[PDB]
Structure formats: C-alpha cells, structure tokens
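Here the structure is laid out as structure tokens; the discussion comes afterwards.
A quick note on method: Cβ atoms are made from the backbone with ideal geometry, for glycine too, and the neighbour counts reach across all protein chains shown. Read-outs: derived from the displayed coordinates by stated rules, not from any lab.
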Amino acid sequence: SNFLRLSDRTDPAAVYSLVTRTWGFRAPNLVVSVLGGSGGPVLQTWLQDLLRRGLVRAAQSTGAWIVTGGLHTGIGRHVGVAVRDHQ
Amino acid sequence: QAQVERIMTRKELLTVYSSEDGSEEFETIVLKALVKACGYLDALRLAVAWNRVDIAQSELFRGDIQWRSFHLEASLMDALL
C-alpha cells in the first residue's frame, strides 16, 4: 500500500508521474473525490448501500480512482468498508 | 400483578419476537436477545460456535461496533480451533 510524505507546496505533476509510472497505477478513466463529514460513526443504510453498490461498483467497472482522506474515520472509514465489502 | 411487576423488574432478559408478518428470521432474533441480555460473551464468538458466517458478516458489517485487538483475536482462536 504505497505511502509517501511530501510538502503541501508540491507540484501535483510529480505526484501524478510517480503514481502512474513508478507505483504502476494506470491512468484513471475517472476520479471520484468523496467529501462529507458524516457526523457520527454510524451511517444510514441507504447511503451505505449506495456507496457499496453505486460508487464502488462503478469505480471498478470504469477503473476509476476514489480520492478520500486516508484515515480510519469520517467518510473515509465508510468508503473503506464499502470497498472491503464489495471485494 | 405482583408477579408481572417482578417479571418487568428484569425486563432486560425478556424480548418480544416481532411478528413482522412472520419474519421467520430466528437466528438473528436469538442473537439480538442474547446481546440485550448480556448488556467475555460476544456475538462473534457465538456465531463462530455456530456455522453461520452470514450472521457474523452482518454483525461486523455495521460500523456501529468498534472492535479491539483481543476481541478479534479470541474469535480467531475459536475459529481456528
């Protein structure tokens, strides 16, 4: 699970080149930048169904990237569990 | 009436099988009743005791439950044994 530490004032071109070539990730046909604080660890059933069935399924079908916060909290945790369940 | 009051004194144990138009979902109701009665015993260890993996899948899928290390370690040991 490739990691990296870089300054905020970094040109995204280098990051994109590193991700695409060095790390082997293909170019994304689509990028979904998921937002949302989602106060409270629990999430609604319909939202979770949408994420695990609408978002993740579409991302796998189109080979898209899902950009979120790489932390086990907030919407990131929900997205991660949706990915895991889909797998 | 006194007996009913004494019964309600420990209402944590009592649970009503919701009709739900004949839900016929017995294992989940039993698990919920046991969890409510408990207030270590975990639904995971019980599900491992049974062979129902779907029940445990639903129990873990919900994000409400937050698991620690030893909690999953004990269940894993039970599953291995």
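Restricting to region A:22-38, what's the tally of residues that are of a type outside the set (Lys, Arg), exposed (fewer than 13 other Cβ atoms within 10 Å of the Cβ) and in contact with a helix residue (DSSP H, G or I) (Cβ under 9 Å, 6 or more places away or on another chain)?
Result for region A:22-38: 5.
With in contact with a helix residue (DSSP H, G or I) (Cβ under 9 Å, 6 or more places away or on another chain) and of a type in the set (A, V, I, L, M, F, W, C) as the only criterion, which of B:53, B:4 stands out?
B:53
Is it the case, given these coordinates, that residue B:13 is closer than 29 Å to residue A:74 by Cα and in contact with a helix residue (DSSP H, G or I) (Cβ under 9 Å, 6 or more places away or on another chain)?
The answer is no for residue B:13.
Could you tell me whether residue A:10 is part of a helix (DSSP H, G or I), among the β-branched types (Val, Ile, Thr), more than 14 Å from chain B (Cβ to nearest Cβ) and more than 19 Å from residue B:62 (Cα to Cα)? Break it down stepwise before answering.
On the way: part of a helix (DSSP H, G or I): no; among the β-branched types (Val, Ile, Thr): yes; more than 14 Å from chain B (Cβ to nearest Cβ): yes; more than 19 Å from residue B:62 (Cα to Cα): yes.
Considered against the rule, which asks whether it is part of a helix (DSSP H, G or I), among the β-branched types (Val, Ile, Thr), more than 14 Å from chain B (Cβ to nearest Cβ) and more than 19 Å from residue B:62 (Cα to Cα), residue A:10 comes out as no.
So how many residues does region A:63-83 have that are surrounded by 12 or more Cβ atoms within 10 Å (Cβ to Cβ) and either farther than 20 Å from residue A:2 by Cα or within 14 Å of chain B (Cβ to nearest Cβ) (or both)?
10
Loosely packed, with under 11 Cβ neighbours inside 10 Å and either closer than 23 Å to residue A:42 by Cβ or not basic (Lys, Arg) (or both): which single residue out of B:19, B:23, B:58 fits that description?
B:19
Which of the following residues is within 13 Å of another protein chain (Cβ to nearest Cβ), of a type outside the set (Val, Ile, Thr) and in a helix (DSSP H, G or I): A:52, A:21, A:57?
Being within 13 Å of another protein chain (Cβ to nearest Cβ), of a type outside the set (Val, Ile, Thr) and in a helix (DSSP H, G or I) holds for just one of A:52, A:21, A:57, which is A:52.
Quick check: anything in region A:27-46 under 17 Å from the mean Cα position of the chain (by Cα) and part of a helix (DSSP H, G or I)?
Checked against the condition, which is being under 17 Å from the mean Cα position of the chain (by Cα) and part of a helix (DSSP H, G or I), region A:27-46 yields no hits at all.
Please verify whether region A:25-41 includes one or more residues that are under 24 Å from residue B:56 (Cβ atoms), within 12 Å of chain B (Cβ to nearest Cβ) and not small (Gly, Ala, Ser).
Yes, region A:25-41 contains a residue that is under 24 Å from residue B:56 (Cβ atoms), within 12 Å of chain B (Cβ to nearest Cβ) and not small (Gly, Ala, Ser).
Based on what the data block shows, is residue A:19 over 25 Å from residue B:62 (Cα atoms) and either surrounded by fewer than 10 Cβ atoms within 10 Å (Cβ to Cβ) or within 15 Å of the chain's Cα centre (by Cα) (or both)?
yes
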